[PDB]
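Okay, so here's the structure we're looking at.
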Amino acid sequence: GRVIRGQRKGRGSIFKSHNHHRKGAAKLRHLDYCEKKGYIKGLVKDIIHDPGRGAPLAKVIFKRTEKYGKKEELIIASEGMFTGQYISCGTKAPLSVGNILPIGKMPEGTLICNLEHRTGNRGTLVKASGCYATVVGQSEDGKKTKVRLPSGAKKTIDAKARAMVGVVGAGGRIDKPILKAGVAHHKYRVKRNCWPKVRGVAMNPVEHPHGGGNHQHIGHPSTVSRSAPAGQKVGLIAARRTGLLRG
RNA sequence: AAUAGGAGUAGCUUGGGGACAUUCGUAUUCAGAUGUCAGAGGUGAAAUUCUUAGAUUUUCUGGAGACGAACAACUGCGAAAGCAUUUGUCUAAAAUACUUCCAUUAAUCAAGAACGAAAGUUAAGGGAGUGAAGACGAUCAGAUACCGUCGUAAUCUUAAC
RNA sequence: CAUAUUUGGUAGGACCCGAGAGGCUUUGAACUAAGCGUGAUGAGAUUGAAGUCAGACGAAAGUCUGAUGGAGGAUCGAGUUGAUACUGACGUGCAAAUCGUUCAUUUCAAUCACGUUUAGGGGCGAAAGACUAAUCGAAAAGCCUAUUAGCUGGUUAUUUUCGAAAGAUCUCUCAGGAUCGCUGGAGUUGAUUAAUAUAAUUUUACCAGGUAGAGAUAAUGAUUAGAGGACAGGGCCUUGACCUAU
RNA sequence: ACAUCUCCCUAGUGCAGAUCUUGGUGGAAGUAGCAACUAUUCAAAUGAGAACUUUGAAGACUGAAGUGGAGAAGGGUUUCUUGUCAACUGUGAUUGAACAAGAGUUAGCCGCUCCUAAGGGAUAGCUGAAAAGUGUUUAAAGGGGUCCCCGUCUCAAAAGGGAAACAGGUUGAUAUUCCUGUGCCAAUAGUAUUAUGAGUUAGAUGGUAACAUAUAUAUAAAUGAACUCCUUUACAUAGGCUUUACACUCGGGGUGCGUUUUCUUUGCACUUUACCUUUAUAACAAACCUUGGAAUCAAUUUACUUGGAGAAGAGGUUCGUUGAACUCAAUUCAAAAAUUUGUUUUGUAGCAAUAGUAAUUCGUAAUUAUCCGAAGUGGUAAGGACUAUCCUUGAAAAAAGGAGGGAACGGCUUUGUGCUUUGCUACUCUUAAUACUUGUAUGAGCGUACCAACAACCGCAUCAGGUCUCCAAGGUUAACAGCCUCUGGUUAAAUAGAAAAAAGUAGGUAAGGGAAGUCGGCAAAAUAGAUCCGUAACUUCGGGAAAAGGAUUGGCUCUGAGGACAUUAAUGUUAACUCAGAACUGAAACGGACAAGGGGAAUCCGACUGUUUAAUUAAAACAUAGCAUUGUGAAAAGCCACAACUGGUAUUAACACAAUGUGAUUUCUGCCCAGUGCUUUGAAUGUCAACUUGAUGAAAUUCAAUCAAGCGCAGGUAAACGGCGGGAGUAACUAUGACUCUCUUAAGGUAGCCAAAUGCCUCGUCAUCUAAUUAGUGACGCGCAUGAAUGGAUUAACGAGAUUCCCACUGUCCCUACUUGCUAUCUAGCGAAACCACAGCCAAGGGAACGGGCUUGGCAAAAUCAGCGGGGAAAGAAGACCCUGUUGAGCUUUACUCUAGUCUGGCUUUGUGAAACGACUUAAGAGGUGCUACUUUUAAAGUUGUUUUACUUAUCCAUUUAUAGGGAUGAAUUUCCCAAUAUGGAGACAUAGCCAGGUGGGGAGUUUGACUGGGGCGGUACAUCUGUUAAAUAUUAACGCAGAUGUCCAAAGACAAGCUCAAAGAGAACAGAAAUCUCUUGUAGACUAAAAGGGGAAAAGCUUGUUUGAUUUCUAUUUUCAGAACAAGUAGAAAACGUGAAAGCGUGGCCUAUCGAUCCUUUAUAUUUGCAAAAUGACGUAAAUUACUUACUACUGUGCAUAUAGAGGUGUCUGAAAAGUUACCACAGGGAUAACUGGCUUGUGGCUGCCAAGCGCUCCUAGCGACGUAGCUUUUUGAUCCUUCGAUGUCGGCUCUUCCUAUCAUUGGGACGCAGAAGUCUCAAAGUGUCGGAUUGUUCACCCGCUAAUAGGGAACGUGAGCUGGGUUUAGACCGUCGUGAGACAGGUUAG
């Protein structure tokens, strides 16, 4: 046929991210001597909204460590933090909400966010609204630490990786149902052109593997192999099992 | 100043009364190790089941939910439903004692209201064990049952009913 | 052997005209599609969500009544944006989609402008194989290319002479081809001696036949009747079978 | 200029045709036609000539959503004046957007020009043959300060940001642009003078505060560096409220004009004021401050907001609106201070009247007079203060400004090395002017006409089409609607007049009936505005709802209700429009025009609003929220793009991203993992590639062996694809079967549901609706073939949806009639085309089977005019249906062949060590065997292969401005201990390179027999063999007939010998019909491998003996036939044998069937050959000498190849390696070939006979009539395939006419089982007639009703340039069954 709808989405034309009103990337204060050997205290001056994600962004001011005057970063906000709060970052920073600490210095069973998947990477796991990770353990020789990502996997990271004490802001976002189509339109309008979806089975054959027939029947298995080639990947990708959940 | 009533005051008064935080124990189970070697589970009898890719069994680590025995009674508290690990915090409660205060403030109550086991419902988590449904193996003239093996929903917390 | 011409055969454009395509390289997003940026735009009405105030009731919890209020991809509606119905007008049009009347749409999944993004087995698609400049189940342009066609049409002065076939075998063969048959030309040989060769002929000899016919009492198969006799059931007798001549 | 025929060379050499090409031209024809957009008339001028040039007068229209002003894109001199008429200006034309000749566009301020956005193009790298693809991914890169700090370049807005301009006047054509006035903005160098004010003896003051302060021709001037920190620039949507401006209106004064018979203190016009002056002030919403200290809370807005974190009150300060408001300023006099308050006069506040406008006079340019006192409506626009909405929070920079910070700091004279010490006091700022030098020392370049559609654009053009923005008057009014009017514009459209008919088309209107019409209430009509009442089922409680259903409504004349101000409760001045009530009045009418809901009762589908097939389908399709599912923890991942490097999702991170299914709510979501998918474990495990490793060999080779994934083996999975049974028997009647038996499945349809868009049978059965019901609805449900996210069931709301009924209503219909505009018509003017072999009266006949011409008849008389649709198998256009092609294409798959990707192993890149493991080599013991060979253990020897690990320098990822060596909601700038590759991370694994296996409709290329009484299905008649058809040689056909073939056989072959069989009779213990035995009779009735036919008795049969000729080689030939091939034979020959005594006979089967080219492989054969300059037995045998010696020998390495001979197979059998689909389709053809008529025939249907056994009470025939038998007919259905495939428009209804008779009625008769009556059969009869409906797409059918009877037929199945389009037969769609799929359906249903 021709290039299928899934393939077209990737290809860097019109489907590029809806940039225009985004306020710039959220990534933690980069690693330095002052943080590594101690603590630096900063000021949250403002909390600002973001067209991409449910969590609000937090406007954080530091005073520079080798030049005069104040420099501004954008941190992703923990729930329960506030404008005019002092935010502290570093190895000696105290365990308190919205501070930024190495995971090696957590007491067990703390709830955290902004994990760096490997050290110094400025935060890359646990950023969506209402998520958290839990610290589950410290090895006897130290150096590594064991954490739990909110999907349900357990993961082991280096101890000196950063995280932020407290749950990610804007919790419960998908509790509220989207009542009408226009609200869904507005949700996708600030994200990515990906919607309305269009059922693949209703397409002509030329456009998609489910297409054709006279009852909109799938007509062959809905589970396709991990090994499947590019245009073939159709319904339930590489699935372990199908039908309703148990645990 | 009612062996009426309410209120007060007092005691290292009382108690598995309520709530929240908190903490520990054990089995069971999962995972990770460990050593073994043929059967192990299962029963009125057995089979379905699980097992040489090492089951069952041995001991250890880590995880997980559940429950909180024994002590425990012709015992305690709660309006009743109900309530049993540790400590803390917030709460109520009754009796006693009282040369303390108020002075009939009461009794029962259609209307109306608060709470209201268990199951069930709705929603999020959660999901060990148990286990309507269901699936088989048996038992029986027959068995949609009793018995057996597995096994969803429910059982647990939060938020509603 | 060389060479002249001829015809046939074979390759090429190869008797002339004719696809549907396939490949190669480019050119289009002024329409239109979707995305984006900067911007514009939507007469007038109607309903009357939350909150608020006042009144009323009740011991309580609570509940009612009147205002106020101004919510909603709410309602009707010009415009605007559409195209439902009239199978109305026109249908050698006013137009290669127009006209009249009717109708759907109007603060949002809204409409428009301009700028901008994505390009051909590609783009784009709230998905019709829709759309990508009157061109789309594979755009437009030129070239490979006079592509190729067992198929259709056409295929040009005269007189004269001879003149067919529509059988046959083989064929991924049944609209074709090959190859035999049947035809013309060229030539030699022979006849040219009322001849021998010879003949779609008869004759006299001599064979070979199993069709029309004819037969059932000749065989095989059918097939309708009785007559006369020496193996079976019942009570010399009955049904027969079975013979024999019919 | 031309011949050549004397002879002969040479060729792009001879046309009617090709839907030929090109150019020209007719009939059609003075015809079709010149129809939108309300509509013109009279007089005059110009001119040769005026319906459409100009002018006046009328009458009209556009009607501020305009043919009005401006502008954008595009056009491009279209503008203007002057000419002017060859062509054009579809009529005319003196006109003109035509033609000709000149002419016209003026900017510091309006734009562009500058900035950045979505984005573009480049630089660094890196890829790539290059072309190009990428845009910091290994940058020594553009600037600012004065050695330090910033830091990709560049383009991208004529509607975002944006230095500054307005008024009046003026030209034939421009004007925010020229002219006049007034300003504003930006520059404005150095040096020296001057003048302006500041500060000083290096930085002013006030104010409690919020904050204020420079008024100089000019508000100029209030120190400030590095470095910083802000802010303005700069932003959504909704809703109301409020303020100002403009607009509109009213009243009064003043001017002019108008009506002025009658009325009219009148109707109308005019009554002007810009930028600019931080505009001066006032006013007002806020904000903020000082005081003040608040509950019986207060203040307070339309709205709610606000307060001990300080409210009210009282006094202030500021911004923003505004832009002369306010006694504002100036002035005056009265009362003040060593410069105020009170009173007066001025000024359109300056700009400003000199400028405008309306007037009025005189010259023929000059004067005069006017220019202003009150107020309302709220239509526009801006602002202000706000409130609410969002799983949406609503650009950026250029540019400018403010602050923090505190670097730097008299002038002159002078010793000494910018510094130090001495002497002296106007110095430092700062505007503006001036002079001089310095290149010439003030304002760059580009745009500016006109149209902007009605004729300037695009649409082939002066095309009723399309095309962006602003401006918005009066009345009516909810109203920017519709109607009419003012300003402004027009009175022209590709023509006019006259006539007035059919027909057409855009309209009206109809008595009585009221859907009877029609597939269908389509069309048309009815309704409608408002106020006041009244408002159901049902409902997700929100709605349904304007439900339904009523009433009222004019004009006049009154009444009541609703405010604002200011006087000292009363008294006064004073504003709107909206409401409510009462009289009187009239042809009972009054939302009067315009505007403007039909409603109800139900079913089906879709929840909804949304969206879609541009130019046939708006929907039930699609989307949607919710539900449900799946992958993925990250740059060595998911998902996806790219040749490659590299990207995108990602400015991201599981409440995410990606991929699907389903489709609001409510209620539910059963069963099955066998089949196919998908998926999880592995060195026990079968297979499974390269490499490796060993063994063998002279080597090539040849052999083995090893832990890849994959599959297999073991599980998991159905909101994965999907799937979800059959018979019997059984209850006091019968019935049914709870109940039982039974075969069987992976499991056997549960909850539900229904003749539903799902039901074939089927118009199902029963109700009900109706008068009549294939329709509607409710039931019932052994259901061709319902059913649970492929969703089941129900649903309020919603629908340009599908369907039915009921009410209202009507010309839909009875049944049509009248009427109006515009056409048609005639004329003047202008003026095409399709089409066209030739043509054009018929009947019949024949003929390629329906002729205009042909034969025989009828017949046949110019020229014309208007209609019309019978025919011209009328036109269009190489049938789209069907078939055909060794033409295609789209699409699908477990078709054949592949392939990007992906997964996995190996080798490399790939270093450094450590340890463990194994193998191999060399030595010793134990076990078995025949000085030798084999098996098992031991060396822990050497060498080598492997698994685990440590290291980092290779390599890879991340990070930053590459920013301190490791341990113990202010401001912030000029320790101690240990040590002596930017930082982490990962790391010889990746990755990448090359091999190699798997996976691989994601994507590619291609194929997808033939015959064929259409094709497909079925079959094989495709290779063959018998008999028959075949017509007495031979020949010879059909999807003719009855059949057979793809083998079987060491004997069933070969030879000889012996014997005679089947059967029948008569006999013989057990013994019977069969058993064996015997005798007689026994020409074949047996047996002969197998079809069927031939042949066979001292055999060809049966029994027995001996055997292998079922052999090798070669001919001549027969059959089919081309007299090719194979195959099967027949006759021999040369060998060798077998048997028989011997002749003989034996070269497969008693004869007729039993089957296979080339290449290739494979194994046989040989004293045959090759491997391309040579050799390989063998220095063999003799000699010979010491050597490059001489003779002489059929037999001479491995491997490969030949030649000859078999065998491996092509059954579509003289031999391609090959599946489906198209209702999305294309093209070449076909009447060689279907679906339609006509034609032949008439099986089938229909109609008529003849017989006479019977029936008819008795009685053949009154009426009948079996058993039988003969015809007719072409209204049926077939059979057929002659005609048409470069198109005969495919069902039915409507309408309309004619023909027929096989008569239904009517007329006349005859017969009777005929009493009358009723009637049956029958003859002349085609004159005349043959109906209203219900239901269905219907032919047909069935009712119901009328009737005189509701007869049968024909005419290309009469009737589509008459209609209609409901059905069938395009594209969309739904459901079932069927198909893995694409898709299929003589099944249904819907838009077409």
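If you number the first sequence the way the authors' numbering does, the last residue is 248 and the count never jumps.
In this text, a Cβ means the ideal position worked out from N, Cα and C, and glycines have one as well.
With residue i as the anchor, note down where its alpha helix (DSSP H) starts and where it stops.
i	result
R163	First-last for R163: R163 to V166, but that is the beta strand (DSSP E), not the alpha helix (DSSP H).
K155	From DSSP, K155 is part of no alpha helix (DSSP H) but of the beta strand (DSSP E) over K155 to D159.
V148	It is not in any alpha helix (DSSP H) - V148 instead sits in the beta strand (DSSP E) that spans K145 to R149.
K192	Careful: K192 lies outside any alpha helix (DSSP H) and carries neither H nor E.
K128	It is not in any alpha helix (DSSP H) - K128 carries neither H nor E in the DSSP assignment.
residue 286	Because the chain in this structure spans residues 2 to 248, residue 286 falls outside the shown range and cannot be described.
Spatial neighbours of residue i within its chain, please: C-beta separation below 8 Å, excluding the five flanking residues on both sides.
i	result
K155	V137, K147, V148 and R149
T243	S223, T224 and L237
Among the residues of its own chain, which have a CB less than 7 Å from the CB of residue i, if the five just before and after it don't count?
i	result
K37	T92
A171	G55, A56, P57, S130 and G131
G173	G131
Span of the beta strand (DSSP E) holding residue i?
i	result
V137	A134 to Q139
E73	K71 to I77
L112	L112 to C114
In whole angstroms, what is the alpha-carbon distance linking residue i and residue j?
i	j	result
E74	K234	41 Å
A240	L112	32 Å
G214	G11	28 Å
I179	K192	16 Å
State buried or exposed for residue i, treating a residue as buried only when at least 16 other CB atoms are found within 10 Å of its CB.
i	result
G248	exposed
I88	buried
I49	exposed
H209	buried
Please list, in chain order, all residues of the same chain as residue i whose beta carbon is under 6 Å from its beta carbon, the five residues on each side excluded.
i	result
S140	none
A164	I104, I113, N115 and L116
Within the stretch 16 to 101, ranges of the beta strand (DSSP E) (whole runs, at least 3 residues): 41 to 49, 58 to 64, 71 to 77 and 87 to 90
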